[PDB]
Amino acid sequence: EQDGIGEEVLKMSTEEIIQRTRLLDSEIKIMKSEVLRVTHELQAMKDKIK
Amino acid sequence: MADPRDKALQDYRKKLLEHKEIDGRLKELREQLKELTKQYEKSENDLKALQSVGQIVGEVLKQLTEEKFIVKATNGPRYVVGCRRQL
C-alpha cells in the first residue's frame, strides 16, 4: 500500500485525473459484467440442478 | 480550500473500499460456484448413474459352439446364451 500512497501523494493531478479514474471505471465495469454473467449462469445451473 | 492531495487520497480510499466490497462479492460468488460445481458434478453423476442396469451373475458350464454358452444363473435356472463379440 506504500507504493499506492506515494503515487497518490507525489502525483496528485498526473495520475488521479486520468490514470486512476479510467482504470477504476474499466475494472468496475468488467467486474459488474462478470458478476452478471456468473449470476445468470448460477441461476440457470441452480434451476438445472433443481 | 481542501488540499488536492487530501481530495485525491480520499477518492482513492473510497475507490479502494468499493473495490474491496466488490471483491468480497466476487469471493462469495466464487465460493458458491466452487461448491455448486462439485455439487452439480455429483448431481450429474447420480443422474447418469440412475439409467443403468445390472447383469445377472452366473457360471459358464460349457461352450457349445463358437457363439453358444450354457450359463447357470445363481438362482438356478440354466440358459443357453450368446457372447459379446469382443471378449
# chains A, B, ... in the order shown; residues from 1 in each chain; ligands from 1

$ residues_around --residues "residue 26 of chain B" --least-positions-apart "3" --cutoff "10 Å" --atoms "only C-alpha atoms" --output "PyMOL selection string"
(chain A and resi 31-32+34-35+38) or (chain B and resi 20-23+29-32)

$ select_by_dssp --residues "chain B" --states "helix (DSSP H, G or I)" --output "PyMOL selection string"
chain B and resi 4-50

$ write_last_selection --atoms "N, CA and C atoms" --output "short mmCIF file (atom, residue, chain, number, x, y, z; two decimals), in the first residue's frame"
data_model
loop_
_atom_site.label_atom_id
_atom_site.label_comp_id
_atom_site.auth_asym_id
_atom_site.auth_seq_id
_atom_site.Cartn_x
_atom_site.Cartn_y
_atom_site.Cartn_z
N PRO B 4 -5.53 19.48 -2.77
CA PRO B 4 -5.78 18.44 -3.78
C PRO B 4 -5.25 17.08 -3.38
N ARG B 5 -4.16 17.04 -2.61
CA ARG B 5 -3.64 15.76 -2.13
C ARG B 5 -4.66 15.06 -1.25
N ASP B 6 -5.31 15.81 -0.35
CA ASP B 6 -6.32 15.22 0.52
C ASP B 6 -7.50 14.70 -0.29
N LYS B 7 -7.94 15.47 -1.29
CA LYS B 7 -9.05 15.03 -2.14
C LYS B 7 -8.68 13.75 -2.88
N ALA B 8 -7.48 13.70 -3.45
CA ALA B 8 -7.05 12.50 -4.16
C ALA B 8 -6.97 11.30 -3.23
N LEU B 9 -6.43 11.50 -2.03
CA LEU B 9 -6.32 10.40 -1.08
C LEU B 9 -7.70 9.90 -0.66
N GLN B 10 -8.64 10.82 -0.41
CA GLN B 10 -9.99 10.41 -0.04
C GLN B 10 -10.67 9.65 -1.17
N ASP B 11 -10.52 10.14 -2.41
CA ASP B 11 -11.11 9.45 -3.55
C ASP B 11 -10.51 8.06 -3.71
N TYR B 12 -9.18 7.94 -3.55
CA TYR B 12 -8.54 6.64 -3.66
C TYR B 12 -9.02 5.70 -2.56
N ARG B 13 -9.18 6.21 -1.34
CA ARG B 13 -9.66 5.37 -0.24
C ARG B 13 -11.08 4.90 -0.50
N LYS B 14 -11.95 5.79 -0.98
CA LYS B 14 -13.33 5.38 -1.28
C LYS B 14 -13.36 4.35 -2.40
N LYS B 15 -12.55 4.56 -3.45
CA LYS B 15 -12.50 3.59 -4.54
C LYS B 15 -11.97 2.25 -4.06
N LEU B 16 -10.97 2.27 -3.17
CA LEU B 16 -10.44 1.03 -2.63
C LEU B 16 -11.48 0.31 -1.78
N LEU B 17 -12.26 1.05 -1.00
CA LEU B 17 -13.32 0.43 -0.21
C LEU B 17 -14.37 -0.20 -1.12
N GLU B 18 -14.77 0.50 -2.18
CA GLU B 18 -15.73 -0.06 -3.12
C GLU B 18 -15.16 -1.30 -3.80
N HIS B 19 -13.87 -1.25 -4.18
CA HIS B 19 -13.23 -2.41 -4.79
C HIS B 19 -13.17 -3.58 -3.83
N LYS B 20 -12.92 -3.32 -2.55
CA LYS B 20 -12.90 -4.39 -1.56
C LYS B 20 -14.29 -5.00 -1.39
N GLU B 21 -15.33 -4.17 -1.39
CA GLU B 21 -16.69 -4.71 -1.31
C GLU B 21 -17.01 -5.57 -2.52
N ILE B 22 -16.64 -5.09 -3.71
CA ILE B 22 -16.89 -5.86 -4.93
C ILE B 22 -16.08 -7.15 -4.91
N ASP B 23 -14.86 -7.10 -4.36
CA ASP B 23 -14.04 -8.30 -4.26
C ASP B 23 -14.65 -9.30 -3.28
N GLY B 24 -15.24 -8.81 -2.19
CA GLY B 24 -15.95 -9.70 -1.29
C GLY B 24 -17.14 -10.36 -1.95
N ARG B 25 -17.90 -9.58 -2.74
CA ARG B 25 -19.00 -10.17 -3.50
C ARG B 25 -18.48 -11.21 -4.49
N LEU B 26 -17.37 -10.91 -5.17
CA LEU B 26 -16.79 -11.85 -6.12
C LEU B 26 -16.32 -13.12 -5.42
N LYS B 27 -15.74 -12.98 -4.23
CA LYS B 27 -15.30 -14.14 -3.47
C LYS B 27 -16.48 -14.99 -3.02
N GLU B 28 -17.57 -14.34 -2.60
CA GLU B 28 -18.77 -15.09 -2.24
C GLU B 28 -19.30 -15.86 -3.45
N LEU B 29 -19.35 -15.20 -4.61
CA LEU B 29 -19.82 -15.87 -5.82
C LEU B 29 -18.88 -17.00 -6.22
N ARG B 30 -17.58 -16.80 -6.04
CA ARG B 30 -16.61 -17.84 -6.38
C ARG B 30 -16.75 -19.04 -5.46
N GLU B 31 -16.97 -18.81 -4.16
CA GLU B 31 -17.22 -19.92 -3.25
C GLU B 31 -18.50 -20.64 -3.61
N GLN B 32 -19.55 -19.89 -3.96
CA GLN B 32 -20.79 -20.51 -4.40
C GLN B 32 -20.56 -21.38 -5.62
N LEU B 33 -19.82 -20.85 -6.60
CA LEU B 33 -19.53 -21.61 -7.81
C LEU B 33 -18.68 -22.84 -7.51
N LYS B 34 -17.70 -22.71 -6.62
CA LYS B 34 -16.86 -23.85 -6.28
C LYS B 34 -17.67 -24.96 -5.63
N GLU B 35 -18.52 -24.61 -4.66
CA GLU B 35 -19.35 -25.62 -4.02
C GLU B 35 -20.34 -26.22 -5.02
N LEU B 36 -20.98 -25.37 -5.82
CA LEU B 36 -22.02 -25.84 -6.72
C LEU B 36 -21.45 -26.62 -7.89
N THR B 37 -20.18 -26.41 -8.24
CA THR B 37 -19.57 -27.20 -9.31
C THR B 37 -19.42 -28.65 -8.88
N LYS B 38 -18.91 -28.89 -7.67
CA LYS B 38 -18.83 -30.26 -7.17
C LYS B 38 -20.22 -30.82 -6.89
N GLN B 39 -21.13 -29.98 -6.39
CA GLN B 39 -22.50 -30.44 -6.18
C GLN B 39 -23.15 -30.86 -7.49
N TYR B 40 -22.94 -30.08 -8.55
CA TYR B 40 -23.52 -30.40 -9.85
C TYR B 40 -22.82 -31.59 -10.48
N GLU B 41 -21.52 -31.75 -10.24
CA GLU B 41 -20.83 -32.94 -10.71
C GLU B 41 -21.41 -34.18 -10.05
N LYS B 42 -21.63 -34.13 -8.74
CA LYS B 42 -22.26 -35.26 -8.06
C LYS B 42 -23.69 -35.47 -8.55
N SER B 43 -24.41 -34.38 -8.80
CA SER B 43 -25.79 -34.48 -9.28
C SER B 43 -25.85 -35.14 -10.65
N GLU B 44 -24.98 -34.72 -11.57
CA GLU B 44 -24.96 -35.31 -12.90
C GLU B 44 -24.43 -36.74 -12.85
N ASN B 45 -23.46 -37.01 -11.98
CA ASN B 45 -23.01 -38.38 -11.82
C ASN B 45 -24.16 -39.26 -11.35
N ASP B 46 -24.96 -38.78 -10.39
CA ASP B 46 -26.10 -39.55 -9.92
C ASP B 46 -27.14 -39.73 -11.02
N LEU B 47 -27.43 -38.67 -11.79
CA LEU B 47 -28.45 -38.79 -12.83
C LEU B 47 -28.01 -39.74 -13.94
N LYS B 48 -26.75 -39.67 -14.36
CA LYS B 48 -26.24 -40.67 -15.30
C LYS B 48 -26.29 -42.06 -14.69
N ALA B 49 -25.94 -42.19 -13.41
CA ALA B 49 -25.93 -43.50 -12.78
C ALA B 49 -27.32 -44.09 -12.69
N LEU B 50 -28.35 -43.24 -12.64
CA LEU B 50 -29.70 -43.77 -12.46
C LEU B 50 -30.10 -44.65 -13.64
#

$ residues_around --residues "segment 54-57 of chain B" --least-positions-apart "3" --cutoff "10 Å" --atoms "only C-alpha atoms" --output "PyMOL selection string"
chain B and resi 60+71-75

$ write_last_selection --atoms "C-alpha atoms" --output "mmCIF file, in the first residue's frame"
data_model
loop_
_atom_site.group_PDB
_atom_site.id
_atom_site.type_symbol
_atom_site.label_atom_id
_atom_site.label_comp_id
_atom_site.auth_asym_id
_atom_site.auth_seq_id
_atom_site.Cartn_x
_atom_site.Cartn_y
_atom_site.Cartn_z
ATOM 1 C CA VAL B 60 -20.460 -70.897 -17.633
ATOM 2 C CA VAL B 71 -24.868 -70.483 -18.208
ATOM 3 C CA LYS B 72 -26.283 -71.477 -14.816
ATOM 4 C CA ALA B 73 -27.599 -68.327 -13.192
ATOM 5 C CA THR B 74 -27.062 -68.246 -9.447
ATOM 6 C CA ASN B 75 -30.760 -68.665 -8.682
#

$ closest_atom_pairs --of "chain A" --to "chain B" --cutoff "10 Å" --atoms "only C-alpha atoms" --output "Markdown table"
| residue | atom | partner | partner_atom | distance |
| --- | --- | --- | --- | --- |
| A:4 | CA | B:12 | CA | 9.0 |
| A:5 | CA | B:9 | CA | 7.8 |
| A:8 | CA | B:9 | CA | 6.4 |
| A:9 | CA | B:5 | CA | 5.9 |
| A:10 | CA | B:5 | CA | 8.5 |
| A:11 | CA | B:5 | CA | 8.6 |
| A:12 | CA | B:5 | CA | 5.8 |
| A:13 | CA | B:4 | CA | 8.2 |
| A:15 | CA | B:8 | CA | 9.4 |
| A:16 | CA | B:8 | CA | 6.5 |
| A:17 | CA | B:8 | CA | 8.9 |
| A:20 | CA | B:12 | CA | 8.4 |
| A:21 | CA | B:15 | CA | 9.3 |
| A:24 | CA | B:15 | CA | 7.6 |
| A:25 | CA | B:15 | CA | 10.0 |
| A:27 | CA | B:19 | CA | 8.9 |
| A:28 | CA | B:19 | CA | 7.7 |
| A:31 | CA | B:22 | CA | 7.8 |
| A:32 | CA | B:22 | CA | 8.6 |
| A:34 | CA | B:26 | CA | 8.9 |
| A:35 | CA | B:26 | CA | 7.1 |
| A:38 | CA | B:29 | CA | 7.6 |
| A:39 | CA | B:29 | CA | 8.0 |
| A:41 | CA | B:33 | CA | 9.5 |
| A:42 | CA | B:33 | CA | 7.3 |
| A:45 | CA | B:40 | CA | 8.1 |
| A:46 | CA | B:36 | CA | 8.3 |
| A:48 | CA | B:40 | CA | 9.0 |
| A:49 | CA | B:40 | CA | 6.5 |
| A:50 | CA | B:43 | CA | 9.7 |

$ write_last_selection --atoms "C-alpha atoms" --output "tab-separated table (two decimals), in the first residue's frame"
chain	number	residue	atom	x	y	z
A	4	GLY	CA	-0.07	3.49	-3.87
A	5	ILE	CA	0.18	6.15	-1.16
A	8	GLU	CA	-1.28	9.39	-4.93
A	9	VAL	CA	0.78	11.87	-2.86
A	10	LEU	CA	3.68	12.77	-5.15
A	11	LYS	CA	1.47	12.68	-8.26
A	12	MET	CA	-1.86	14.32	-7.44
A	13	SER	CA	-3.01	15.52	-10.88
A	15	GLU	CA	-2.46	10.24	-12.04
A	16	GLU	CA	-5.79	10.81	-10.27
A	17	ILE	CA	-7.33	12.85	-13.09
A	20	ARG	CA	-6.71	6.20	-11.80
A	21	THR	CA	-10.25	7.09	-12.88
A	24	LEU	CA	-11.13	2.08	-11.91
A	25	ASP	CA	-14.02	2.54	-14.34
A	27	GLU	CA	-12.23	-2.58	-13.60
A	28	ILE	CA	-15.66	-1.91	-12.11
A	31	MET	CA	-16.36	-6.90	-12.61
A	32	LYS	CA	-20.03	-5.94	-12.98
A	34	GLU	CA	-18.56	-10.83	-14.77
A	35	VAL	CA	-20.92	-10.72	-11.78
A	38	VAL	CA	-21.89	-15.53	-13.15
A	39	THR	CA	-25.27	-14.80	-11.56
A	41	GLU	CA	-25.10	-18.98	-15.07
A	42	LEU	CA	-25.62	-19.77	-11.39
A	45	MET	CA	-27.49	-24.16	-13.27
A	46	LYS	CA	-29.44	-23.94	-10.00
A	48	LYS	CA	-30.98	-27.33	-13.84
A	49	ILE	CA	-29.85	-28.97	-10.60
A	50	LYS	CA	-33.31	-28.40	-9.13

$ closest_residue --among "B:82, B:51, B:77, B:1" --to "residue 64 of chain B" --atoms "only C-alpha atoms"
B:82
